[PDB]
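Okay, so here's the structure we're looking at.
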4 protein chains.
Amino acid sequence: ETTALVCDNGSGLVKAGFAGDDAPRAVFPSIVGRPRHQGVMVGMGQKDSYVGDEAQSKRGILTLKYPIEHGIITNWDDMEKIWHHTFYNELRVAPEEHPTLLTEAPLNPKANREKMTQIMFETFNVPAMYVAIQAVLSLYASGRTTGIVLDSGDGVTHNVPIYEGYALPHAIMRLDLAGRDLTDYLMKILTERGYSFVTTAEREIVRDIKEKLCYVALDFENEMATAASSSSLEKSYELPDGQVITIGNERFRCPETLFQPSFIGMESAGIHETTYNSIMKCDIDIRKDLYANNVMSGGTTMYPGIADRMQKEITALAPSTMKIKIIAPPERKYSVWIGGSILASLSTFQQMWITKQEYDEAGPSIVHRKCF
Amino acid sequence: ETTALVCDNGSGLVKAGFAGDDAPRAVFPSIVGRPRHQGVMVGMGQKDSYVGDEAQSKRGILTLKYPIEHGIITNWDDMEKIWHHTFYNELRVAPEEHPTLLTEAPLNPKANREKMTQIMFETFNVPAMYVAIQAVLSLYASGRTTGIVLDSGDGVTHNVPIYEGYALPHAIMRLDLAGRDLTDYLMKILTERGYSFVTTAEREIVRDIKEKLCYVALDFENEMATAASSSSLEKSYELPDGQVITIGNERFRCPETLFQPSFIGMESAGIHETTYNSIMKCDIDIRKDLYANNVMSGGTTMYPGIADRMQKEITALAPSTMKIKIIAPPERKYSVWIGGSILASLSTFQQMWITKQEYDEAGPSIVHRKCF
Amino acid sequence: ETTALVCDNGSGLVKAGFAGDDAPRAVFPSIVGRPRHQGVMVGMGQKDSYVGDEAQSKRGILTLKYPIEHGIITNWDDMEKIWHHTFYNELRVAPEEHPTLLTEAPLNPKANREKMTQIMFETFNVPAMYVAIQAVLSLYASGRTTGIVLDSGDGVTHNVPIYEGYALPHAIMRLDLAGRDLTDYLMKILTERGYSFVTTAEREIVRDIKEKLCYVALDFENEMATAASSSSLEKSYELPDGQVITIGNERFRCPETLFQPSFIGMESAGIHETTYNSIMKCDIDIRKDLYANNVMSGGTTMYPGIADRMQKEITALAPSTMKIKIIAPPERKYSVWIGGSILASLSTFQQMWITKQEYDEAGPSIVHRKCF
Amino acid sequence: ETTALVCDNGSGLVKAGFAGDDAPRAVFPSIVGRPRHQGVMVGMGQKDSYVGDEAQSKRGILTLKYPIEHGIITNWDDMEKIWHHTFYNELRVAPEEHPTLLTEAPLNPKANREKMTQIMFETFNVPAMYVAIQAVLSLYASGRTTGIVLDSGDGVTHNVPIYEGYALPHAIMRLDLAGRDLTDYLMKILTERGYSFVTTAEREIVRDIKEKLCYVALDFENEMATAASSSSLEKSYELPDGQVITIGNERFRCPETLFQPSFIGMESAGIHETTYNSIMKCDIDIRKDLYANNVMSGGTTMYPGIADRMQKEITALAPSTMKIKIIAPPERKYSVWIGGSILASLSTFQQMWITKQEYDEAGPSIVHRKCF
Ligand SMILES: Nc1ncnc2c1ncn2[C@@H]1O[C@H](COP(=O)(O)OP(=O)(O)O)[C@@H](O)[C@H]1O
Ligand SMILES: Nc1ncnc2c1ncn2[C@@H]1O[C@H](COP(=O)(O)OP(=O)(O)O)[C@@H](O)[C@H]1O
Ligand SMILES: Nc1ncnc2c1ncn2[C@@H]1O[C@H](COP(=O)(O)OP(=O)(O)O)[C@@H](O)[C@H]1O
Ligand SMILES: Nc1ncnc2c1ncn2[C@@H]1O[C@H](COP(=O)(O)OP(=O)(O)O)[C@@H](O)[C@H]1O
Ligand SMILES: [Mg+2]
Ligand SMILES: [Mg+2]
Ligand SMILES: [Mg+2]
Ligand SMILES: [Mg+2]
């Protein structure tokens, strides 16, 4: 009993490590694959399920499926299987040796935090566990206690305003347009170039196109009229089969969906008017200290030039007599885990766990009252 | 009950032996001969049928006929007769002593695998038998689990892609241009030299011309224009009657039919565009690992310089940023049997037989569900 | 200038006629044939290309090729040749006399609609033309403005939800399993009966087997176990050479691929879970009016008993408190053209053309903004 | 330069005439005779070689020899001598006045068409010449462009399928059982009556027996059992020396060799299974139009009742749901020349000659590329 596990179960990518380190020892996607062909070799019951890095190598013959949809775990027969791969096959530690700090998104169903709690005790038998909130932990990474958290992950995007210690739950604006629904819009606009990426194996190619050749336009129409002279923007990507694709104005139209959700047909507003409408529901005296502290996190805020368009477009919405400072640390991808490393290494937290003894006599409703 | 028979009934040449050896103990062609003349000696009912090595010695007075057409057994009164010659007269073992591993081509009719099964139990009374696939067994010989199998035998040629354990049945491209239909094109282009090889006895001479003086051109037109100066290429063959033939540009035009099936008038493409079109129907993530593993087998890939023209012409079709590696072992003629020796000598296979007891209560549809 | 041409260039069968009629005056397949043999008669340069009904009569000596793959035109040297056969040799009208209403599939590449537009002006010099969408025009035939369109043609199958005027482009689920890829599965399951249909000339025989003896099972396993007593289902077809085939359980396994795309190995779902997953991405208030309006069209919805299995299997997926009404008109094969006859005969459309004058000053990007 | 010569050099009988006529002006056998006795008169060097009609009158003292064996010219010192008799002594025209249309059998050696070409220019100095194929020219006589040609001449018999313009070279079934090898079987079955016809002078008597008293049985065994009551079939022939022969069942057993090549010991099948096996190698879509067009030609199809047994025995081999129509014109002996008269009298052919000027700069390989 020395250190604690921090198993950030993201909606698209599991991050796990130890309390204290500044880099997780387990980065692999939340993929549980099933083979779908015949299998004529002598390995009949040989590796019926591939999890994580296994199902990323062998993905041409596997029916991949993300077990987590918008932060809501849909398949408990598979999310147990990633955790069994997480502790034994990748971290190589016993679950019974160390406590665990699980993370989840805010506004999740109340049956979701309980079913995570039921598994970590009745299956893995951990000593103690605490389920934090992913938007709280972005402050501990940046070293603040004040700000609003644009936590655009892979399954969900949600602004959470937090003033000096005190979170404001009546102003969380959740949005279900995230990195998984940008891939599905990118596969719909690569069809107009002729390239047909359809199945789940090609879905992991388009996600790799999105992480390499896709930026955010500062102004959208003037980058659109630049694509009329289609020579200075068409970058080329080299597929796993050796083919090439000449992708042009699809470089910037796929992350513009974060600012124009009418492209994929969502009746809401982008991440510049769900931040501005989450500050205009806070109190007027703390409205000045939230403009100067705009913490971003998540994978979907790793695009080139997303801190420019946030600062350019909130300023068009804010009253123009004071400043907007988008605070984007250059390692903000892992920032939910980095704050999870710090908070599990404090002194004022080692009494805030939930032990097995406390879980017995108080039941699974002891986890919802733990700081909401 | 110690070892197992592996009776590879090829479409033109029966290979039989024991499980464990690296060379079959029975190599003789699938020929059942009938005499066609009068027979004035006292041997009236003396040896009315000659099978295999018998009908290769006495072939001047016999009406030879292959019982197997394109892998499909056409005459069950003769294919029983080769097997009765196989077990007793050549292997000299009882059929009831050892199990049997029969091989057959993929995409054969479903009545063909059943009628082989009916004979091996109700006539020879073997303990157990398993009908494998000839394209699977080329991997066990080469020691791989990944690749596409150019299995150009004597009756049929078929590319079968197999990734790491899992075969892809929706991409098998079968082709009925094989070594038997190259003999019939060679007898049609020896007519233009004047030499008339017509009957079935001379058909076994032309097959012996094809196995000795016929190579594959690397480039076809530049070897054709070389034949204008007709002195440096005309090799001579010495017939069984002592005659000679001065064969020239017919050295390379008969195996060019494997790459130009429009010579014998087939509306398909050669073995370079049925391999390339069998990879372009596989999934895109396994398309890279099939280019680097091109297993060849069968007798018709024993020509001089066939690994050159495959590697030279798939490369003209593949995207030119990555490599093609034609894997041609120097004993690939027997490679269907060599893999049959290994697979019958495993530990994870000795439960995968089909016994007589299991065949009784489950009927002849128990053999089609056995790994397709 | 009285009427308009409606040239529905299908992926497998060209339909052309006049605006106003209820039956097209030109039904012939999209086939451009090249002869592949010697041609020893005096007709040396005599009819080097046969198009449509010509290449259906003489198909034994022709290398037929469909110019259109999945709605995407692959060979512009041949698609011009069908149109030159369409206007002059079959409709017998000048192209310069009447405007033209071309149709195409949704989610086609943006270079495909432009290259059709470039040919109809710069080669045939038509007065005006409009490129509609084939899924829109299925509503005008059925006389509705509300519904989802199962447009299972020959090259492509795509559900398009359309509410009262307003199409929903963020819910089109395209699928590349159509009538051409059912023929290729039927030629792979006639091999297990022994019958080898391989070349392109026999491909037009198997397509004629599919249109006559192939129905859809209501329940699949109970029609499969019916084939164990193989006497009451084996229908016979009489080939062009006078042979017969006794086809059994291949009557219903070839259109079951429309509901089980894992048979030909596609990692997607059938046309019952791409309709249900295209309604579950529409808004919840219009989800009730799409269940009661399920327009089918295309050739591949002409099977016996396809309206039964759609209504039987969406009902297993829908919430079971309200109704599903599959609307299948008994002439739904030509329904893309029937709606094209009506829409070219309206009053509110005769200003929605694209003239040659408007095409000059605005360029080929004037056709993509025309109602998407 | 008005008309053209058509010198059909048959394997047993030279036919020559002019382009336009419906009957050749030169019918005489291909016989070059040498005298073999002493010659005691004063005519020492008097007529050392007799050609054609000369060596048919004086044949009792001449060693006759056919210069052509199975279409292959064996003695160029004699085939020049027939042509020198053909142009000057029988047609009485200069060779330099008119072009020439030579005919030959298909599948002849490539040295045979060149050596004919070398003689017609470098010895006779004709203006232009074209070497056609004898099986093509049977269609022009019958006025068709579709059918299979049973061209049973004197040296060779070969089925050639020809569809609408386009010949199919991969289905020509050549057979070396023809009218010359029926004479040699007739001289072997007249020995059992006692009559010994042995030398070449008596060989021209047996050929005259075959052309007068030999028919084809419709059913063979029932005409054989009719010969048990040997009174109603034994016809009598009157020899040149005044003797008579009472020939019985040898009337029909000598042309039965055309349907039973095992009588003279050939390992092949008759002219009913080399026509049926030459249609079963054609494509399946043209297999119906070859059954209804069975053109016969050549001298060996002049027997009484050969159109009956072809139509009676292909029908036993064909699928019995459609018809067989043996098309036998009543002048089919000269039909190779009749088609040669028409094709040399066309307008689309007078550019398809091969002049002396074109032969100089292009060499003797210009004749093989001329429509194969
Ligand atoms: N460098 C990048 N640029 C753009 N998008 C990225 C990048 N890296 C990851 N992403 C997107 O973000 C997702 C990963 O975000 P992450 O924060 O790991 O999700 P989660 O909230 O589930 O942990 C990926 O699915 C990918 O689509
Ligand atoms: N050395 C050789 N070179 C070229 N071709 C060969 C050679 N040996 C055999 N063949 C051809 O390969 C055929 C034998 O192939 P094989 O693999 O025995 O066929 P099967 O699949 O029926 O066993 C023979 O008919 C012959 O035409
Ligand atoms: N009666 C039928 N039953 C089943 N399938 C049919 C029938 N008629 C046509 N088909 C299939 O539908 C295809 C024709 O569809 P069609 O509507 O012409 O496609 P498109 O017009 O989109 O190219 C044919 O290729 C055939 O496979
Ligand atoms: N009336 C006849 N009946 C049967 N056979 C005949 C008849 N006339 C000729 N023949 C045979 O046909 C041969 C002539 O065939 P022909 O077509 O002249 O040969 P080629 O094809 O070499 O010109 C003769 O050798 C003779 O044996
Ligand atoms: Mg995350
Ligand atoms: Mg083999
Ligand atoms: Mg259509
Ligand atoms: Mg002739």
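Residues are referred to by chain and number: the chain letter is A, B, ... according to the order shown in the structure tokens, the number counts from 1 in that chain, and ligands are numbered separately from 1 in the order shown.
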Open item on the list: Quick one: residues within 8 Å of range 122-138 of chain C, only C-alpha atoms, excluding same-chain residues fewer than 4 positions away - as a PyMOL selection string?
Closed with: chain C and resi 95-106+113+117-118+142+149+151+160+162+295-297+335-340+343+352-356+367
Go ahead and write the residues just picked, N, CA, C and O atoms, as a CSV table (one decimal), in the first residue's frame.
chain,number,residue,atom,x,y,z
C,95,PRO,N,-30.6,15.4,-80.0
C,95,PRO,CA,-30.3,15.9,-78.6
C,95,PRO,C,-30.6,17.4,-78.5
C,95,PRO,O,-30.9,17.9,-77.4
C,96,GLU,N,-30.5,18.2,-79.6
C,96,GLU,CA,-30.6,19.6,-79.5
C,96,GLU,C,-32.0,20.1,-79.5
C,96,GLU,O,-32.3,21.3,-79.5
C,97,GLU,N,-33.0,19.1,-79.6
C,97,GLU,CA,-34.4,19.5,-79.7
C,97,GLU,C,-35.1,19.6,-78.4
C,97,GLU,O,-36.0,20.5,-78.2
C,98,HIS,N,-34.7,18.9,-77.4
C,98,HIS,CA,-35.4,18.8,-76.1
C,98,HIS,C,-34.4,18.9,-74.9
C,98,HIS,O,-33.2,18.5,-75.1
C,99,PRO,N,-34.8,19.4,-73.8
C,99,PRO,CA,-34.0,19.3,-72.6
C,99,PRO,C,-34.0,17.9,-72.0
C,99,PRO,O,-34.8,17.0,-72.4
C,100,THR,N,-33.1,17.7,-71.1
C,100,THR,CA,-32.8,16.4,-70.6
C,100,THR,C,-32.8,16.4,-69.1
C,100,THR,O,-32.4,17.3,-68.4
C,101,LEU,N,-33.4,15.3,-68.5
C,101,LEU,CA,-33.4,15.2,-67.0
C,101,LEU,C,-32.6,14.0,-66.7
C,101,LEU,O,-33.1,12.9,-66.7
C,102,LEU,N,-31.3,14.2,-66.3
C,102,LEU,CA,-30.5,13.0,-65.9
C,102,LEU,C,-30.7,12.8,-64.4
C,102,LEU,O,-31.1,13.7,-63.7
C,103,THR,N,-30.6,11.5,-64.1
C,103,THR,CA,-30.7,11.1,-62.7
C,103,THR,C,-29.4,10.5,-62.2
C,103,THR,O,-28.6,9.9,-63.0
C,104,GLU,N,-29.1,10.5,-60.9
C,104,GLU,CA,-27.9,9.9,-60.4
C,104,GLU,C,-28.2,9.6,-58.9
C,104,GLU,O,-29.1,10.1,-58.3
C,105,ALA,N,-27.3,8.7,-58.4
C,105,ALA,CA,-27.5,8.3,-57.0
C,105,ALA,C,-26.9,9.4,-56.1
C,105,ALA,O,-26.1,10.2,-56.5
C,106,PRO,N,-27.4,9.5,-54.8
C,106,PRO,CA,-26.8,10.4,-53.9
C,106,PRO,C,-25.5,9.9,-53.4
C,106,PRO,O,-25.2,8.7,-53.6
C,113,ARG,N,-20.9,14.4,-61.2
C,113,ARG,CA,-22.0,15.3,-61.7
C,113,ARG,C,-21.5,16.3,-62.6
C,113,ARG,O,-22.3,16.7,-63.6
C,117,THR,N,-22.3,16.8,-66.9
C,117,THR,CA,-22.7,18.1,-67.3
C,117,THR,C,-21.9,18.6,-68.5
C,117,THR,O,-22.4,19.2,-69.4
C,118,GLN,N,-20.6,18.3,-68.4
C,118,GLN,CA,-19.7,18.7,-69.5
C,118,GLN,C,-20.0,18.0,-70.8
C,118,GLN,O,-19.8,18.6,-71.9
C,142,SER,N,-44.8,7.5,-56.3
C,142,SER,CA,-45.7,7.0,-55.4
C,142,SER,C,-46.7,8.1,-54.9
C,142,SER,O,-47.7,7.8,-54.2
C,149,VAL,N,-36.7,5.9,-48.5
C,149,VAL,CA,-36.6,5.3,-49.8
C,149,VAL,C,-35.6,4.2,-49.8
C,149,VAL,O,-34.4,4.5,-49.8
C,151,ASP,N,-33.8,2.4,-51.9
C,151,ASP,CA,-33.6,2.4,-53.4
C,151,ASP,C,-32.5,1.4,-53.8
C,151,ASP,O,-31.4,1.7,-54.2
C,160,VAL,N,-32.9,6.9,-48.0
C,160,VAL,CA,-32.9,8.3,-47.9
C,160,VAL,C,-34.2,8.8,-47.2
C,160,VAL,O,-35.3,8.6,-47.8
C,162,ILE,N,-37.0,11.3,-46.2
C,162,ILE,CA,-37.5,12.6,-46.7
C,162,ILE,C,-38.8,12.8,-46.0
C,162,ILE,O,-39.7,12.1,-46.1
C,295,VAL,N,-41.0,3.6,-48.7
C,295,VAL,CA,-41.1,3.5,-50.2
C,295,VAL,C,-39.9,2.6,-50.6
C,295,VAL,O,-38.8,2.9,-50.2
C,296,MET,N,-40.2,1.6,-51.4
C,296,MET,CA,-39.1,0.8,-52.0
C,296,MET,C,-39.1,1.1,-53.5
C,296,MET,O,-40.1,1.5,-54.1
C,297,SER,N,-37.9,0.9,-54.1
C,297,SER,CA,-37.8,1.1,-55.5
C,297,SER,C,-36.7,0.2,-56.0
C,297,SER,O,-36.3,-0.7,-55.3
C,335,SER,N,-39.8,3.1,-61.1
C,335,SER,CA,-40.4,4.2,-60.3
C,335,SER,C,-39.4,5.4,-60.3
C,335,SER,O,-39.9,6.5,-60.0
C,336,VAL,N,-38.1,5.2,-60.5
C,336,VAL,CA,-37.3,6.3,-60.7
C,336,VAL,C,-37.6,7.1,-61.9
C,336,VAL,O,-37.5,8.3,-62.0
C,337,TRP,N,-37.9,6.4,-63.0
C,337,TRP,CA,-38.3,7.1,-64.2
C,337,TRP,C,-39.7,7.7,-64.2
C,337,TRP,O,-39.9,8.7,-64.8
C,338,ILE,N,-40.6,7.0,-63.5
C,338,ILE,CA,-42.0,7.5,-63.4
C,338,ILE,C,-42.0,8.9,-62.7
C,338,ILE,O,-42.7,9.8,-63.2
C,339,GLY,N,-41.3,9.0,-61.6
C,339,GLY,CA,-41.1,10.3,-61.0
C,339,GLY,C,-40.4,11.3,-61.8
C,339,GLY,O,-40.6,12.5,-61.7
C,340,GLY,N,-39.5,10.8,-62.7
C,340,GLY,CA,-38.8,11.7,-63.6
C,340,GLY,C,-39.7,12.2,-64.7
C,340,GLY,O,-39.4,13.2,-65.3
C,343,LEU,N,-41.9,15.0,-62.7
C,343,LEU,CA,-41.2,16.2,-62.3
C,343,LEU,C,-40.8,17.1,-63.5
C,343,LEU,O,-40.6,18.3,-63.4
C,352,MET,N,-36.3,25.8,-63.3
C,352,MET,CA,-35.2,25.2,-62.5
C,352,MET,C,-34.2,24.4,-63.3
C,352,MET,O,-33.4,23.7,-62.8
C,353,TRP,N,-34.3,24.6,-64.7
C,353,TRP,CA,-33.3,24.0,-65.6
C,353,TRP,C,-32.0,24.7,-65.4
C,353,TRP,O,-31.8,25.7,-64.7
C,354,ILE,N,-31.0,24.2,-66.2
C,354,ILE,CA,-29.7,24.9,-66.2
C,354,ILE,C,-29.4,25.0,-67.7
C,354,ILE,O,-29.0,24.0,-68.4
C,355,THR,N,-29.5,26.2,-68.3
C,355,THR,CA,-29.3,26.4,-69.7
C,355,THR,C,-27.8,26.5,-70.0
C,355,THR,O,-26.9,26.5,-69.1
C,356,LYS,N,-27.5,26.5,-71.3
C,356,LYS,CA,-26.1,26.6,-71.8
C,356,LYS,C,-25.6,28.0,-71.5
C,356,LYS,O,-24.4,28.2,-71.1
C,367,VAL,N,-24.0,23.3,-60.8
C,367,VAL,CA,-24.9,22.1,-60.8
C,367,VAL,C,-24.9,21.5,-59.4
C,367,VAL,O,-25.9,20.9,-59.1
TODO: Could you please extract the residues within 6 Å of ligand 4, counting only C-alpha atoms and all ligand atoms, and hand them back as number ranges by chain?
DONE: D: 10-13, 153-155, 179-180, 207, 211, 298-300, 302-303, 333
Task: CA of residue 52 in chain B to CA of residue 71 in chain B, distance in Å rounded to a single decimal - done: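 Value for the CA of residue 52 in chain B-CA of residue 71 in chain B distance: 17.7 Å.
Applying a distance limit of 6 Å to only C-alpha atoms, the residues of chain D near chain B read residues 109, 110, 170 and 267 of chain D.
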For the residues in the current selection, export N, CA, C and O atoms as a PDB file, in the first residue's frame.
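Saved result, selection-v3.pdb, follows:
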ATOM      1  N   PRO D 109       1.355 -26.528 -91.267  1.00  0.00           N
ATOM      2  CA  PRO D 109       2.601 -25.924 -90.792  1.00  0.00           C
ATOM      3  C   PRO D 109       2.852 -24.557 -91.405  1.00  0.00           C
ATOM      4  O   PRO D 109       2.420 -24.263 -92.517  1.00  0.00           O
ATOM      5  N   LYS D 110       3.544 -23.707 -90.646  1.00  0.00           N
ATOM      6  CA  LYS D 110       3.818 -22.354 -91.106  1.00  0.00           C
ATOM      7  C   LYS D 110       4.867 -22.314 -92.203  1.00  0.00           C
ATOM      8  O   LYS D 110       5.042 -21.272 -92.837  1.00  0.00           O
ATOM      9  N   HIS D 170      -9.746 -21.727 -81.183  1.00  0.00           N
ATOM     10  CA  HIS D 170      -9.492 -22.610 -80.058  1.00  0.00           C
ATOM     11  C   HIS D 170     -10.466 -23.769 -79.993  1.00  0.00           C
ATOM     12  O   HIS D 170     -10.594 -24.394 -78.939  1.00  0.00           O
ATOM     13  N   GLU D 267      -6.887 -43.689 -82.247  1.00  0.00           N
ATOM     14  CA  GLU D 267      -7.357 -43.390 -80.901  1.00  0.00           C
ATOM     15  C   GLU D 267      -7.953 -41.988 -80.911  1.00  0.00           C
ATOM     16  O   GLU D 267      -7.363 -41.008 -80.452  1.00  0.00           O
TER      17      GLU D 267
END
TODO: Just give me the gap between CA of residue 219 in chain D and CA of residue 250 in chain D in Å, one decimal is fine.
DONE: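 Here the two named atoms are 15.0 Å from each other.
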Task: Proximity to ligand 6 - best of B:178, B:32, B:91, B:40, only C-alpha atoms and all ligand atoms - done: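 Among the listed residues, B:178 lies closest to ligand 6.
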- [ ] Give me every helix (DSSP H, G or I) residue in range 145-354 of chain A, going by DSSP on the backbone, as an NGL selection string.
- [x] :A and (169-171 or 179-189 or 191-193 or 200-213 or 220-226 or 250-253 or 255-258 or 276-279 or 287-291 or 299-301 or 306-314 or 335-343)
